[PDB]
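Chemist: This is the structure I want to talk about, given as structure tokens.
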Amino acid sequence: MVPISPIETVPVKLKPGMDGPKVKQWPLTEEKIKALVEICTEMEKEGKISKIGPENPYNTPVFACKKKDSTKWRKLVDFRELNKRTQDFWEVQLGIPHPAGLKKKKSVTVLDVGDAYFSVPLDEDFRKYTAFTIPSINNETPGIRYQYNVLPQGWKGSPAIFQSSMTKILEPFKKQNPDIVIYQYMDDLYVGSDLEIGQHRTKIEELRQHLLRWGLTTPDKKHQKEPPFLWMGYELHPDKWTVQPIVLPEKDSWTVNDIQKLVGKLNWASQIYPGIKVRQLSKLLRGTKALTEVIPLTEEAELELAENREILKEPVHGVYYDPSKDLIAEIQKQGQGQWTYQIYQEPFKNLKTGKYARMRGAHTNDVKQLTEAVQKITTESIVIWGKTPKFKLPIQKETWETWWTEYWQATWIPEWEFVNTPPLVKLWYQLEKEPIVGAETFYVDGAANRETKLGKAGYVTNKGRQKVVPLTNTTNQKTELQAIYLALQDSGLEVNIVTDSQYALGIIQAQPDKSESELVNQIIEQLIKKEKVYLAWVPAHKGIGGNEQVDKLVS
Amino acid sequence: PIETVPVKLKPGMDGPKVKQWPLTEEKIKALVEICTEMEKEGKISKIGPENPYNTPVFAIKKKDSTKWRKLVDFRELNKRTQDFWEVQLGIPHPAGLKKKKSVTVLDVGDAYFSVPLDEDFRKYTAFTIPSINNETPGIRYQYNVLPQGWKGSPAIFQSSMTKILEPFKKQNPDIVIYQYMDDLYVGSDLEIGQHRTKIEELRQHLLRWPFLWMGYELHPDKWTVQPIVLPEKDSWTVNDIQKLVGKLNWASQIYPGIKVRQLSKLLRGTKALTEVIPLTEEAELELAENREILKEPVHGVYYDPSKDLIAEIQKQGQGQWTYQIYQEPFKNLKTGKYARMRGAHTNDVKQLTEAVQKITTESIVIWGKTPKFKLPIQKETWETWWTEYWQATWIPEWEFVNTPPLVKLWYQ
DNA sequence: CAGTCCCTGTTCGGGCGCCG
DNA sequence: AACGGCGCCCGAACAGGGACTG
Ligand SMILES: Cc1cn([C@H]2C=C[C@@H](COP(=O)(O)OP(=O)(O)OP(=O)(O)O)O2)c(=O)[nH]c1=O
Ligand SMILES: [Mg+2]
Ligand SMILES: [Mg+2]
């Protein structure tokens, strides 16, 4: 006979054709034994745990661990076998609140519900599926077995049920206090208002008693009444916010798991510290699949790590969001496919910063990557503020106009202005739209053998110029690119080039300025040196002009 | 007092589990206001996390409308109940709708809110309203009545809709009425004054039983086709003939009688691209014969009702967009071109959004289906902006391609 | 006409950061 | 040695299309 809590239960079923968990216990140290017998006894008197008998043919092991800078212990059941047989839940936690999205509030209070999962009941017809024995002695007393009447910590349904139950309890209070903002993340509650400090504590006490009607306690241990508030890992001040102090490890020998933690902290730090790079550091995490393997820091990864530590020396901070002012996002190019940006409303008062250094595609250019950075910032800004910022981009209006009007795919950038801060983003060469009068016409072609990997590449021109080059360990695609490279090498500043390679033509028409292929990079270097290049395509094996002639040479 | 029509998913398929995407502030505020009224009216009910199903939701504004409209992306749920709205209670498509001089599209989705939904099926209509900056967890609902944007809604309401439209169809035997998704397609050969008058009479028939006041007008008899055309120059260069032979060779995949023998003979040698080549007597004859074949219709090209429609779009530049609708490759059921749409010369995504909406509308009128689109855009670019410009109550299937223009086939 | 190859793309799962 | 959420950078497995070979 256990009392039913005021919180409405959540009906939880299991996957059909499957039963409950039946896993043997895990032999643990005697320290854990004296840290859980006192818990199952206190929760039994408080109605959070009931005792069962032999009529419950289930069992589940459970260990424990300490807490964050505290003296209390955390009981974490290992429901990994129950989760495989429990129904799937749709998570209502859609993201992480960011302090740059918080608005200015005169009074702020941060709460923390004590015994979050232990104050929300479990489904009545589901408590039987949570059985676990507790031996008092490691090899003497068989131990009386208990069950769960609340949400166990470790079950895959506990977070979703708590977040949904907490919302239903706050819904009536929020309807009675519309001007009060309540950021609800797991058990921690951020409460803000523009009321006076005196009147603010009044509504806080009203909220603490409102939650008390459902068994939710807000103890004074984690009650925050004055800044700086520790919320979501940030330091919240009345007019600014900053990330809690980030410590980067400094080992004399670096392995693989150390860099994974190093790049991780730098990604977390890049949200407010401008100019953080992790290209050369993450470049060390390629190929090697041994987490305990020492990796020496390259000269590029060492200079990259040194410049990041100097950025973290000076303390930085972000501001809060003012809906009366516009959102501005300014991007800079950091080189080597690295981009950094800042989002602000007043100049030099950054709401947050960030980086975009993703390299997608074997061949690309700075205009494509700038477009991708703008999209990443737009989606991020809609998550945090629900609107798109005005952009300040280091690209001329004429440059962008030339790119998007001529590109064959649809592409677009929202309302933006040019900011003249080098290095500017430009197109390094422009293919002609019409053949060039007076320029030598190169008919290029390349063929390779699938078996021997041997091939030829060459050209034939209208002035009688000709070349064939034998190639070893190549492909048809490589010889087609090589043939174009030969035509660019052996031509003047203006050249018409005729190929039958859809592969090669498609790469060059997208005006790439960088490539994972050394051959394409060499082609790009030649295209920049030229003054006019006209690429034309013809179908192969159709007896078309010089394409038929150069086809005989390379095949 | 209405028995709920039992609805079952297709055998071997579970409900939709699609994540909600971020919404702007004005859209969240609109959806919160809309859902509060619908909940007060019992059309939707709040649910918990024990419902593992979810469908994205956002809001749109129709053309020349300042009123927000809730729009659910039921695309996943629709193709998991395909044996219902196509096999059990299907809606016949009239072949005369595309022949009418004027066709008005009326939003009738609000009528579906009067029919209850099968209790065993309401869990599949779950959607989640997001919050800005993740202030609060998602606010989940499920539908208690027939939802807008679900293909099962017009199928179940069809028995009710027939009785309402029965007096009007008897009063006007020449008017063709077609129902697709939340819309009603009313076509007539009457004059513009007579048509709009008869449309208002039909609105009054529905009133005696929030977007009924709108009426998007169409003219399928004015819909044009964009055939493959060949350039006509006074002088031809080597480069001109190379592009021509390249175009005709690709065109031979559609018209098998196209020849390029006499035109390829003009390019014998290794000539400069800009060298002018005079067309021979046989080349004039062969090019003239090819221009006539491009006017002749393609052999064995007809619509198969059991096959999906496919739409390809090409960005031609300068506000020009070409498209082809087909079921089998090189068997195009329709080819067209759009020019000077909204966003021309400034926004590719808005134009592409407009083009997709136009093509889909034509496919509903002509065949009663929505095509699967092959969009010439990067996935991340489309998924960032398309909802900002969407003005339709349905959403077609799409995929993303990247085809560099080797030959300008559909627009010289 | 199939069956490969070459090349490039997306999907996903795990590594890490961070929150509870 | 647990659960859920988001982000990044990584690689393996997979799909898809031109082009060559039997
Ligand atoms: C930190 C943490 C938390 N949780 C779940 C359990 C309760 C809520 C909040 O945890 P908590 O605030 O740190 O402890 P809590 O149970 O609320 O008890 P108190 O310390 O607040 O008194 O999230 C979890 O399952 N694993 C974890 O590692
Ligand atoms: Mg707590
Ligand atoms: Mg070739």
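Ligands are numbered from 1 in the order shown, residues from 1 within each chain, and chains are lettered A, B, ... in the order they appear in the structure tokens.
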If you count only C-alpha atoms (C1' of nucleotides) and all ligand atoms, which residues end up within 9 Å of ligand 3, as a ChimeraX atom specification?

Modeler: /A:444-447,476-477,479-480,499-502,539-541,547,550-551

Chemist: Check which residues fall inside 8 Å of ligand 2 when counting only C-alpha atoms (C1' of nucleotides) and all ligand atoms, and print them as a ChimeraX atom specification.

Modeler: /A:112-116,187-188

Chemist: Please produce a file of the residues just selected, as a tab-separated table (two decimals), in the first residue's frame, where the atoms kept are C-alpha atoms.

Modeler:
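Saved result, out-v6.tsv, follows:
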```tsv
chain	number	residue	atom	x	y	z
A	112	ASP	CA	17.59	22.62	-9.04
A	113	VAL	CA	14.97	19.98	-8.26
A	114	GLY	CA	16.28	17.57	-5.64
A	115	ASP	CA	15.72	13.90	-6.50
A	116	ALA	CA	14.39	14.64	-9.97
A	187	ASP	CA	15.64	19.44	-13.50
A	188	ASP	CA	17.38	22.82	-13.44
```

Chemist: Find the residues of chain D in contact range of chain A, meaning any atom within 10 Å when counting only C-alpha atoms (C1' of nucleotides), and list them as a list in words.

Modeler: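 Contact residues on the first chain: residues 1, 2, 3, 4, 5, 6, 7, 8, 9, 10, 11, 18, 19, 20 and 21 of chain D.
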
Chemist: With C-alpha atoms (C1' of nucleotides) retained, write the just-selected residues as a PDB file, in the first residue's frame.

Modeler:
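This is the output file again.pdb:
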```pdb
ATOM      1  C1'  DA D   1      30.489  -0.357 -16.189  1.00  0.00           C
ATOM      2  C1'  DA D   2      24.072   3.654 -17.055  1.00  0.00           C
ATOM      3  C1'  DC D   3      20.183   7.217 -19.859  1.00  0.00           C
ATOM      4  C1'  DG D   4      18.866  11.209 -22.991  1.00  0.00           C
ATOM      5  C1'  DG D   5      20.161  15.873 -25.657  1.00  0.00           C
ATOM      6  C1'  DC D   6      23.262  18.926 -28.990  1.00  0.00           C
ATOM      7  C1'  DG D   7      27.822  20.025 -31.473  1.00  0.00           C
ATOM      8  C1'  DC D   8      32.691  18.681 -34.096  1.00  0.00           C
ATOM      9  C1'  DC D   9      35.878  15.403 -37.057  1.00  0.00           C
ATOM     10  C1'  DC D  10      36.733  10.740 -38.192  1.00  0.00           C
ATOM     11  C1'  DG D  11      36.333   6.305 -41.246  1.00  0.00           C
ATOM     12  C1'  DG D  18      29.931   7.590 -66.921  1.00  0.00           C
ATOM     13  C1'  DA D  19      32.675   4.431 -69.484  1.00  0.00           C
ATOM     14  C1'  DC D  20      34.969   0.360 -70.896  1.00  0.00           C
ATOM     15  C1'  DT D  21      35.047  -4.829 -71.804  1.00  0.00           C
TER      16       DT D  21
END
```

Chemist: Could the residues of chain B within 6 Å of chain A, counting only C-alpha atoms, be given as a ChimeraX atom specification, please?

Modeler: /B:22,24-25,49-50,52,132-138,246,264,267-272,274,315,348,376-377,404

Chemist: Counting only C-alpha atoms (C1' of nucleotides), what is within 12 Å of residue 12 (chain D), bar same-chain residues fewer than 6 positions away, as a list in words?

Modeler: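 These residues fall inside the cut-off: residues 11, 12, 13 and 14 of chain C.
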
Chemist: Please return as a PyMOL selection string: the residues of region 31-183 of chain B that backbone DSSP assigns to helix (DSSP H, G or I).

Modeler: chain B and resi 31-40+75-78+84-88+97-99+109-114+119-125+132-134+152-171

Chemist: What gap, in Å, lies between CA of residue 452 (chain A) and CA of residue 473 (chain A)?

Modeler: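 Atom-to-atom, CA of residue 452 (chain A) to CA of residue 473 (chain A), that is 7.6 Å.
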
Chemist: Rounded to one decimal in Å, what is the spacing between CA of residue 309 (chain B) and CA of residue 53 (chain B)?

Modeler: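 So the two atoms, CA of residue 309 (chain B) and CA of residue 53 (chain B), lie 28.5 Å apart.
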
Chemist: Excluding residue 86 (chain B) and residues on its chain fewer than 3 positions from it, collect all residues at most 12 Å away from it, counting only C-alpha atoms (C1' of nucleotides), and give them as an mmCIF file with C-alpha atoms, in the first residue's frame.

Modeler:
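So the final result, stored in out.cif, reads:
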```cif
data_model
loop_
_atom_site.group_PDB
_atom_site.id
_atom_site.type_symbol
_atom_site.label_atom_id
_atom_site.label_comp_id
_atom_site.auth_asym_id
_atom_site.auth_seq_id
_atom_site.Cartn_x
_atom_site.Cartn_y
_atom_site.Cartn_z
ATOM 1 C CA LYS B 10 0.726 -0.673 -44.958
ATOM 2 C CA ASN B 78 1.180 9.388 -46.488
ATOM 3 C CA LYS B 79 3.399 6.778 -48.145
ATOM 4 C CA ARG B 80 2.853 4.498 -45.131
ATOM 5 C CA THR B 81 -0.920 4.492 -45.746
ATOM 6 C CA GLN B 82 -0.691 4.283 -49.545
ATOM 7 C CA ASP B 83 -2.995 1.260 -49.887
ATOM 8 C CA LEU B 89 -11.186 4.685 -51.103
ATOM 9 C CA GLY B 90 -9.593 6.269 -54.155
ATOM 10 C CA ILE B 91 -10.670 9.468 -55.895
ATOM 11 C CA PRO B 92 -11.128 9.234 -59.694
ATOM 12 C CA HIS B 93 -9.264 11.811 -61.769
ATOM 13 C CA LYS B 151 -4.021 11.830 -48.006
ATOM 14 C CA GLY B 152 -6.455 9.773 -45.930
ATOM 15 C CA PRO B 154 -10.068 13.518 -48.526
ATOM 16 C CA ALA B 155 -10.533 9.756 -48.937
ATOM 17 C CA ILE B 156 -12.634 9.396 -45.778
ATOM 18 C CA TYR B 180 -6.830 16.539 -54.183
ATOM 19 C CA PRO B 305 -1.347 5.379 -63.956
ATOM 20 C CA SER B 306 0.651 2.755 -62.015
ATOM 21 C CA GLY B 368 -3.875 13.667 -60.406
ATOM 22 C CA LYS B 369 -0.406 12.911 -59.014
#
```

Chemist: Just need the residues of chain C within 12 Å of chain B, counting only C-alpha atoms (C1' of nucleotides), so spit them out as a compact mmCIF listing (two decimals) with N, CA, C and O atoms (P, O5', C5', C4', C3', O3' and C1' of nucleotides), in the first residue's frame.

Modeler:
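Written output follows (selection_26.txt):
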```
# COMPACT_ATOMS: atom_id res chain seq x y z
P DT C 8 36.84 12.50 -57.96
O5' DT C 8 35.42 12.76 -57.30
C5' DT C 8 34.28 12.91 -58.13
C4' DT C 8 33.01 12.72 -57.33
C3' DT C 8 33.04 13.33 -55.92
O3' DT C 8 31.96 14.23 -55.74
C1' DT C 8 32.20 11.12 -55.88
P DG C 9 31.88 15.15 -54.43
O5' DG C 9 30.57 14.64 -53.69
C5' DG C 9 29.31 14.74 -54.33
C4' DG C 9 28.36 13.70 -53.78
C3' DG C 9 28.14 13.77 -52.29
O3' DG C 9 27.07 14.67 -52.01
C1' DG C 9 28.45 11.50 -53.01
P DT C 10 26.81 15.17 -50.51
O5' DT C 10 26.02 13.96 -49.82
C5' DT C 10 24.82 13.47 -50.41
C4' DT C 10 24.39 12.17 -49.75
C3' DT C 10 24.01 12.31 -48.27
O3' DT C 10 22.77 11.67 -48.03
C1' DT C 10 25.62 10.59 -48.55
```

Chemist: For ligand 1, which of C:15, C:7, C:2, C:20 is the closest residue, counting only C-alpha atoms (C1' of nucleotides) and all ligand atoms?

Modeler: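 Result for the nearest residue to ligand 1: C:20.
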